[PDB]
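See below for entry.cif, which holds mmCIF, N, CA, C and O atoms and all ligand atoms.
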```cif
data_my_file
#
loop_
_atom_site.group_PDB
_atom_site.id
_atom_site.type_symbol
_atom_site.label_atom_id
_atom_site.label_comp_id
_atom_site.auth_asym_id
_atom_site.auth_seq_id
_atom_site.Cartn_x
_atom_site.Cartn_y
_atom_site.Cartn_z
ATOM 1 N N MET A 1 10.471 -10.651 -48.259
ATOM 2 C CA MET A 1 9.970 -9.261 -48.467
ATOM 3 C C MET A 1 9.900 -8.518 -47.132
ATOM 4 O O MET A 1 9.546 -9.081 -46.115
ATOM 5 N N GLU A 2 10.236 -7.257 -47.124
ATOM 6 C CA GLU A 2 10.190 -6.479 -45.853
ATOM 7 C C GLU A 2 10.633 -5.036 -46.100
ATOM 8 O O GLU A 2 11.798 -4.708 -45.998
ATOM 9 N N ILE A 3 9.713 -4.169 -46.423
ATOM 10 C CA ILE A 3 10.084 -2.746 -46.677
ATOM 11 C C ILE A 3 8.835 -1.918 -46.981
ATOM 12 O O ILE A 3 7.751 -2.443 -47.141
ATOM 13 N N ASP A 4 8.984 -0.628 -47.062
ATOM 14 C CA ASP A 4 7.810 0.243 -47.355
ATOM 15 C C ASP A 4 8.256 1.496 -48.113
ATOM 16 O O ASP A 4 9.181 2.177 -47.719
ATOM 17 N N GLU A 5 7.603 1.805 -49.200
ATOM 18 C CA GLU A 5 7.986 3.014 -49.985
ATOM 19 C C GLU A 5 7.078 3.154 -51.209
ATOM 20 O O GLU A 5 5.895 2.888 -51.149
ATOM 21 N N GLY A 6 7.623 3.567 -52.322
ATOM 22 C CA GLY A 6 6.787 3.719 -53.545
ATOM 23 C C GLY A 6 7.014 2.522 -54.469
ATOM 24 O O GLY A 6 6.860 2.615 -55.671
ATOM 25 N N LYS A 7 7.373 1.394 -53.918
ATOM 26 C CA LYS A 7 7.601 0.191 -54.768
ATOM 27 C C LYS A 7 6.259 -0.453 -55.119
ATOM 28 O O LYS A 7 5.494 -0.825 -54.252
ATOM 29 N N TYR A 8 5.961 -0.579 -56.382
ATOM 30 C CA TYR A 8 4.661 -1.189 -56.778
ATOM 31 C C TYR A 8 4.892 -2.460 -57.598
ATOM 32 O O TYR A 8 5.771 -2.524 -58.433
ATOM 33 N N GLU A 9 4.095 -3.468 -57.372
ATOM 34 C CA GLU A 9 4.249 -4.732 -58.142
ATOM 35 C C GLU A 9 2.958 -5.020 -58.914
ATOM 36 O O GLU A 9 1.870 -4.772 -58.433
ATOM 37 N N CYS A 10 3.064 -5.537 -60.107
ATOM 38 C CA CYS A 10 1.838 -5.831 -60.899
ATOM 39 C C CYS A 10 1.183 -7.114 -60.402
ATOM 40 O O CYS A 10 1.743 -8.185 -60.524
ATOM 41 N N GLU A 11 -0.003 -7.039 -59.869
ATOM 42 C CA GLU A 11 -0.664 -8.288 -59.411
ATOM 43 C C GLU A 11 -0.985 -9.145 -60.636
ATOM 44 O O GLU A 11 -1.265 -10.323 -60.534
ATOM 45 N N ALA A 12 -0.942 -8.549 -61.799
ATOM 46 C CA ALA A 12 -1.236 -9.306 -63.045
ATOM 47 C C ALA A 12 0.019 -10.020 -63.554
ATOM 48 O O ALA A 12 0.045 -11.228 -63.677
ATOM 49 N N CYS A 13 1.059 -9.288 -63.874
ATOM 50 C CA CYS A 13 2.285 -9.957 -64.393
ATOM 51 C C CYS A 13 3.413 -9.923 -63.349
ATOM 52 O O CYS A 13 4.454 -10.525 -63.530
ATOM 53 N N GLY A 14 3.196 -9.269 -62.236
ATOM 54 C CA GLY A 14 4.235 -9.251 -61.161
ATOM 55 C C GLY A 14 5.304 -8.188 -61.426
ATOM 56 O O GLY A 14 6.261 -8.071 -60.687
ATOM 57 N N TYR A 15 5.162 -7.412 -62.459
ATOM 58 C CA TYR A 15 6.194 -6.370 -62.731
ATOM 59 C C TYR A 15 6.465 -5.582 -61.451
ATOM 60 O O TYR A 15 5.799 -5.765 -60.452
ATOM 61 N N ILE A 16 7.433 -4.713 -61.461
ATOM 62 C CA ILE A 16 7.729 -3.931 -60.229
ATOM 63 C C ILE A 16 8.168 -2.510 -60.588
ATOM 64 O O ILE A 16 9.238 -2.296 -61.122
ATOM 65 N N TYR A 17 7.350 -1.536 -60.294
ATOM 66 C CA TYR A 17 7.725 -0.130 -60.614
ATOM 67 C C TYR A 17 8.608 0.440 -59.501
ATOM 68 O O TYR A 17 8.271 0.377 -58.335
ATOM 69 N N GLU A 18 9.734 0.994 -59.850
ATOM 70 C CA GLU A 18 10.636 1.566 -58.810
ATOM 71 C C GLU A 18 10.655 3.093 -58.909
ATOM 72 O O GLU A 18 11.006 3.643 -59.934
ATOM 73 N N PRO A 19 10.276 3.732 -57.834
ATOM 74 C CA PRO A 19 10.254 5.213 -57.803
ATOM 75 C C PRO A 19 11.679 5.763 -57.769
ATOM 76 O O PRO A 19 11.970 6.801 -58.328
ATOM 77 N N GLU A 20 12.572 5.070 -57.120
ATOM 78 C CA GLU A 20 13.983 5.547 -57.054
ATOM 79 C C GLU A 20 14.649 5.398 -58.425
ATOM 80 O O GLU A 20 15.695 5.959 -58.683
ATOM 81 N N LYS A 21 14.047 4.646 -59.304
ATOM 82 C CA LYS A 21 14.637 4.460 -60.660
ATOM 83 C C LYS A 21 13.739 5.107 -61.717
ATOM 84 O O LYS A 21 14.160 5.376 -62.825
ATOM 85 N N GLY A 22 12.504 5.360 -61.381
ATOM 86 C CA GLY A 22 11.577 5.991 -62.361
ATOM 87 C C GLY A 22 10.950 4.911 -63.245
ATOM 88 O O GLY A 22 11.353 3.765 -63.225
ATOM 89 N N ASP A 23 9.975 5.274 -64.031
ATOM 90 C CA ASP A 23 9.329 4.275 -64.931
ATOM 91 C C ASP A 23 10.127 4.155 -66.232
ATOM 92 O O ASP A 23 9.579 4.233 -67.313
ATOM 93 N N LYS A 24 11.418 3.975 -66.133
ATOM 94 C CA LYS A 24 12.256 3.857 -67.363
ATOM 95 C C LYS A 24 11.533 3.027 -68.424
ATOM 96 O O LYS A 24 11.341 3.459 -69.543
ATOM 97 N N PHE A 25 11.130 1.840 -68.077
ATOM 98 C CA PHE A 25 10.415 0.977 -69.057
ATOM 99 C C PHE A 25 9.313 1.774 -69.759
ATOM 100 O O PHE A 25 9.058 1.600 -70.934
ATOM 101 N N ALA A 26 8.656 2.648 -69.046
ATOM 102 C CA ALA A 26 7.568 3.456 -69.669
ATOM 103 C C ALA A 26 8.135 4.754 -70.245
ATOM 104 O O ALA A 26 8.136 4.969 -71.441
ATOM 105 N N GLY A 27 8.618 5.619 -69.401
ATOM 106 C CA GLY A 27 9.186 6.906 -69.896
ATOM 107 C C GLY A 27 9.130 7.957 -68.783
ATOM 108 O O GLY A 27 8.638 9.051 -68.974
ATOM 109 N N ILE A 28 9.630 7.632 -67.623
ATOM 110 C CA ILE A 28 9.608 8.612 -66.498
ATOM 111 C C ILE A 28 10.981 8.657 -65.820
ATOM 112 O O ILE A 28 11.672 7.660 -65.754
ATOM 113 N N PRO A 29 11.326 9.817 -65.333
ATOM 114 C CA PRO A 29 12.630 9.996 -64.647
ATOM 115 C C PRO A 29 12.624 9.271 -63.299
ATOM 116 O O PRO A 29 11.576 8.954 -62.770
ATOM 117 N N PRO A 30 13.800 9.029 -62.790
ATOM 118 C CA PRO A 30 13.937 8.327 -61.491
ATOM 119 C C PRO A 30 13.513 9.234 -60.335
ATOM 120 O O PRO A 30 13.402 10.435 -60.478
ATOM 121 N N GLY A 31 13.273 8.659 -59.190
ATOM 122 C CA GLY A 31 12.852 9.476 -58.017
ATOM 123 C C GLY A 31 11.370 9.833 -58.153
ATOM 124 O O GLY A 31 10.851 10.655 -57.425
ATOM 125 N N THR A 32 10.686 9.223 -59.082
ATOM 126 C CA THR A 32 9.237 9.528 -59.266
ATOM 127 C C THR A 32 8.380 8.441 -58.607
ATOM 128 O O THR A 32 8.495 7.277 -58.938
ATOM 129 N N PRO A 33 7.546 8.859 -57.693
ATOM 130 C CA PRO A 33 6.662 7.907 -56.977
ATOM 131 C C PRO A 33 5.544 7.408 -57.899
ATOM 132 O O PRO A 33 5.020 8.145 -58.711
ATOM 133 N N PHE A 34 5.171 6.163 -57.774
ATOM 134 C CA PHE A 34 4.083 5.619 -58.638
ATOM 135 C C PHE A 34 2.833 6.493 -58.509
ATOM 136 O O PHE A 34 1.954 6.469 -59.348
ATOM 137 N N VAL A 35 2.754 7.272 -57.466
ATOM 138 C CA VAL A 35 1.571 8.157 -57.284
ATOM 139 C C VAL A 35 1.604 9.283 -58.319
ATOM 140 O O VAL A 35 0.630 9.976 -58.532
ATOM 141 N N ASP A 36 2.723 9.464 -58.966
ATOM 142 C CA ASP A 36 2.828 10.542 -59.990
ATOM 143 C C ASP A 36 2.402 10.015 -61.364
ATOM 144 O O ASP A 36 2.287 10.762 -62.315
ATOM 145 N N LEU A 37 2.164 8.736 -61.477
ATOM 146 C CA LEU A 37 1.743 8.173 -62.793
ATOM 147 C C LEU A 37 0.304 8.592 -63.106
ATOM 148 O O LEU A 37 -0.509 8.764 -62.220
ATOM 149 N N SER A 38 -0.017 8.754 -64.360
ATOM 150 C CA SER A 38 -1.405 9.157 -64.726
ATOM 151 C C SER A 38 -2.340 7.950 -64.629
ATOM 152 O O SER A 38 -1.901 6.817 -64.588
ATOM 153 N N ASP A 39 -3.624 8.178 -64.595
ATOM 154 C CA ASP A 39 -4.579 7.037 -64.503
ATOM 155 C C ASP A 39 -4.537 6.208 -65.790
ATOM 156 O O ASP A 39 -5.142 5.159 -65.883
ATOM 157 N N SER A 40 -3.828 6.672 -66.783
ATOM 158 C CA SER A 40 -3.750 5.910 -68.062
ATOM 159 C C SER A 40 -2.409 5.178 -68.165
ATOM 160 O O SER A 40 -2.121 4.531 -69.152
ATOM 161 N N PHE A 41 -1.588 5.268 -67.154
ATOM 162 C CA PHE A 41 -0.271 4.569 -67.205
ATOM 163 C C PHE A 41 -0.490 3.068 -67.399
ATOM 164 O O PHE A 41 -1.345 2.473 -66.775
ATOM 165 N N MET A 42 0.269 2.446 -68.259
ATOM 166 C CA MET A 42 0.091 0.983 -68.482
ATOM 167 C C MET A 42 1.379 0.239 -68.130
ATOM 168 O O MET A 42 2.470 0.739 -68.322
ATOM 169 N N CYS A 43 1.262 -0.951 -67.613
ATOM 170 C CA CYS A 43 2.477 -1.729 -67.245
ATOM 171 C C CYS A 43 3.363 -1.938 -68.474
ATOM 172 O O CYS A 43 2.901 -2.399 -69.498
ATOM 173 N N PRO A 44 4.613 -1.598 -68.330
ATOM 174 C CA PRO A 44 5.574 -1.761 -69.446
ATOM 175 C C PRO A 44 5.881 -3.246 -69.653
ATOM 176 O O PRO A 44 6.499 -3.635 -70.623
ATOM 177 N N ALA A 45 5.451 -4.075 -68.741
ATOM 178 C CA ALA A 45 5.715 -5.534 -68.874
ATOM 179 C C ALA A 45 4.515 -6.238 -69.510
ATOM 180 O O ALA A 45 4.631 -6.871 -70.542
ATOM 181 N N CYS A 46 3.368 -6.143 -68.901
ATOM 182 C CA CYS A 46 2.168 -6.820 -69.470
ATOM 183 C C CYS A 46 1.185 -5.791 -70.059
ATOM 184 O O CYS A 46 0.110 -6.133 -70.510
ATOM 185 N N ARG A 47 1.562 -4.539 -70.083
ATOM 186 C CA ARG A 47 0.673 -3.486 -70.671
ATOM 187 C C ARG A 47 -0.653 -3.359 -69.908
ATOM 188 O O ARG A 47 -1.604 -2.789 -70.405
ATOM 189 N N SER A 48 -0.726 -3.864 -68.713
ATOM 190 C CA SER A 48 -1.995 -3.746 -67.938
ATOM 191 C C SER A 48 -2.211 -2.291 -67.511
ATOM 192 O O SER A 48 -1.316 -1.476 -67.615
ATOM 193 N N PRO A 49 -3.397 -2.016 -67.044
ATOM 194 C CA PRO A 49 -3.737 -0.642 -66.597
ATOM 195 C C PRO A 49 -3.043 -0.322 -65.268
ATOM 196 O O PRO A 49 -2.937 -1.159 -64.394
ATOM 197 N N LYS A 50 -2.576 0.887 -65.108
ATOM 198 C CA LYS A 50 -1.898 1.263 -63.833
ATOM 199 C C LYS A 50 -2.750 0.821 -62.643
ATOM 200 O O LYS A 50 -2.248 0.575 -61.564
ATOM 201 N N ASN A 51 -4.035 0.716 -62.834
ATOM 202 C CA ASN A 51 -4.919 0.287 -61.715
ATOM 203 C C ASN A 51 -4.572 -1.141 -61.294
ATOM 204 O O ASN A 51 -5.014 -1.620 -60.268
ATOM 205 N N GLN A 52 -3.773 -1.818 -62.069
ATOM 206 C CA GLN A 52 -3.387 -3.207 -61.703
ATOM 207 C C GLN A 52 -2.092 -3.182 -60.886
ATOM 208 O O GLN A 52 -1.593 -4.207 -60.456
ATOM 209 N N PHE A 53 -1.541 -2.015 -60.673
ATOM 210 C CA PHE A 53 -0.277 -1.922 -59.887
ATOM 211 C C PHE A 53 -0.582 -1.797 -58.393
ATOM 212 O O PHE A 53 -1.478 -1.084 -57.988
ATOM 213 N N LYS A 54 0.165 -2.480 -57.572
ATOM 214 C CA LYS A 54 -0.068 -2.396 -56.101
ATOM 215 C C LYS A 54 1.249 -2.087 -55.386
ATOM 216 O O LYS A 54 2.299 -2.541 -55.788
ATOM 217 N N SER A 55 1.211 -1.319 -54.332
ATOM 218 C CA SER A 55 2.478 -0.997 -53.614
ATOM 219 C C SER A 55 2.870 -2.134 -52.675
ATOM 220 O O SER A 55 2.095 -3.027 -52.396
ATOM 221 N N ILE A 56 4.076 -2.100 -52.188
ATOM 222 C CA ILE A 56 4.543 -3.172 -51.262
ATOM 223 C C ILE A 56 4.988 -2.560 -49.931
ATOM 224 O O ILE A 56 6.164 -2.493 -49.629
ATOM 225 N N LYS A 57 4.058 -2.113 -49.132
ATOM 226 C CA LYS A 57 4.428 -1.505 -47.823
ATOM 227 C C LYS A 57 4.078 -2.459 -46.678
ATOM 228 O O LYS A 57 3.220 -2.181 -45.864
ATOM 229 N N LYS A 58 4.736 -3.584 -46.611
ATOM 230 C CA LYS A 58 4.442 -4.557 -45.520
ATOM 231 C C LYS A 58 5.732 -5.234 -45.050
ATOM 232 O O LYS A 58 6.681 -5.368 -45.797
ATOM 233 N N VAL A 59 5.774 -5.663 -43.818
ATOM 234 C CA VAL A 59 7.003 -6.331 -43.302
ATOM 235 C C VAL A 59 6.626 -7.450 -42.326
ATOM 236 O O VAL A 59 5.927 -7.232 -41.357
ATOM 237 N N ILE A 60 7.083 -8.646 -42.575
ATOM 238 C CA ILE A 60 6.751 -9.777 -41.660
ATOM 239 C C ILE A 60 8.008 -10.250 -40.925
ATOM 240 O O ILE A 60 8.838 -10.882 -41.558
HETATM 241 ZN ZN ZN B 101 2.139 -6.019 -65.526
#
```

Here is a file; write its structure as structure tokens.
Amino acid sequence: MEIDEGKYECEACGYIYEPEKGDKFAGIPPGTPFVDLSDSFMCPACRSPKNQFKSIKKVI
């Protein structure tokens, strides 16, 4: 792992929301940052609350 952007991963099921692709699994156009999701957005993989999504802005 090594990058920083609007990439979010589900700490619950490990899903991964891509802003450059949009929340297709849910219903959002590409180029949309996870910051544009509503507080009611649910993971399209495990249906968890958007509050369970975390970004990946770290590089080792
Ligand atoms: Zn999930």

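If you look at atom CA of residue 45 of chain A and atom CA of residue 13 of chain A, they are 7.2 Å away from each other.
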
I'd like to see the residues matched by the PyMOL selection byres (((chain A and resi 15-30) around 7) and not hetatm) on this file, and ideally I'd get them as number ranges by chain.
A: 6-14, 31-34, 42-46, 54

What parts of chain A does DSSP call strand (DSSP E)? I'd like the answer as a ChimeraX atom specification.
/A:2-3,8-10,16-17,53-55,58-59

Looking at only N, CA, C and O atoms and all ligand atoms, which of A:53, A:40, A:59, A:2 is the one that sits closest to ligand ZN 101 (chain B)?
A:53

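If you look at atom O of residue 4 of chain A and atom N of residue 48 of chain A, they are 24.0 Å away from each other.
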
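Of the listed residues A:49, A:37, A:60, A:55, the one whose atoms come nearest to ligand ZN 101 (chain B) is A:49, with distances taken using only N, CA, C and O atoms and all ligand atoms.
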
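Distance-wise, atom CA of residue 3 of chain A and atom N of residue 56 of chain A end up 8.2 Å apart.
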